[PDB]
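In structure tokens, the next block holds one chain alone, the form deposited in one PDB entry.
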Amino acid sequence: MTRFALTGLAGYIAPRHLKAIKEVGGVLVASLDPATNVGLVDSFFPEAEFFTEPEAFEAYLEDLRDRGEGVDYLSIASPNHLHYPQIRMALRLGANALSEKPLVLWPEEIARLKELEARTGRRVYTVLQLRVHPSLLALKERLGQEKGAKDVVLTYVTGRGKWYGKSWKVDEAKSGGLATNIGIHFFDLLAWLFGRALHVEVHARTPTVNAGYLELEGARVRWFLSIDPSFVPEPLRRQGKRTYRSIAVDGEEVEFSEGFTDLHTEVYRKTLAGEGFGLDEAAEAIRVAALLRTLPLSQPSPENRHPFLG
């Protein structure tokens, strides 16, 4: 029975973690969130300890550890800028970390975490559910059979209501900006499929749209990211869809929205089986996303312009 603590319990994504912990036969020992709108927790783990103050949470988990009943994992569902320091808290307390994406905001934070693993005997893992999406695992096998770099069009639209622009998600110091907070999913998919980015361009940047181009070891990629649902293709909009997440490559197209929200238990299962996504796996997309925070806009060549900018 794997022992978990959880940060960010009051949040949107937290119930998916509570479900994962239940489904892998784990127990939630304690949670942290400065907000107390967490009453849903009793329907999953009615005996879990709860803290509003991170310093009190830390002291409690240390007391559990300084006596043999420590947690095995800290699940981290706090705002992005808190992932790094809460992962360090976990490792120091003798727990593995399982952090939401992006694992951290900066490449310097990845480098420091690699050193800290070696001094604490624990490991840092991250939630990248696209890496367990059955359609994308199948695409990955297909693409591996083919020599040469591929040409890819990546379109990632996921609608967000008006609350998003009043939240931490649009504070770049907290979220990393749109290309990190939302785009890390696809920058990570592209690194997993096609390796390291040799060249990066950004062609459009507004509060709701970013678009650009990547030259990766295995592919040339035109990409478009939005949180404005008007960019969902019209035939799908008609049927009420608010998302469109598509990779077109090698003469095929895979739209990977189905089950996007139903893969957190599989990520937990892979992680507890020792097949999790660690620092080495997460680092490349974080490097790309971080470069994009400060990269100047450029004018795309026609070959490099995503079609939604045409």
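Take the two forms, superpose them, and find the largest set of C-alpha atoms that agree within 1.5 Å; that set is the rigid core. Residue numbers run from 1 along the displayed sequence.
- Looking at mean Cα B-factors across 242-250 and 28-36, the upper value is held by 242-250.
- When the C-alpha B-factors of 100-108 and 196-204 are averaged, 196-204 comes out higher.
- Among the modelled residues of its chain, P233 has a C-alpha B-factor that falls in the highest third according to the deposited record.
- Sorting the modelled residues of the chain by their CA temperature factor places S43 in the highest third.
- Per the PDB record, residue ranking by Cα B-factor puts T265 in the highest third of the chain.
- In the PDB entry, a CA B factor belonging to the lowest third of its chain's modelled residues is recorded for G11.
- Sort the modelled residues of the chain by CA B factor and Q145 lands in the highest third.
This next part talks about the form deposited in another entry, which is not shown.
- Checking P134, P79, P85, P233 for C-alpha shifts of 2 Å or more between this form and the one not shown, after the rigid core is superposed, gives a single hit: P233.
- In the core-superposed comparison between this form and the one not shown, the C-alpha atom of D262 has shifted by at least 2 angstroms.
- Put the two forms on the same core and the Cα of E252 is off by 2 Å or more between this form and the one not shown.
- Relative to the superposed core, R65 undergoes a Cα shift smaller than 2 Å between this form and the one not shown.
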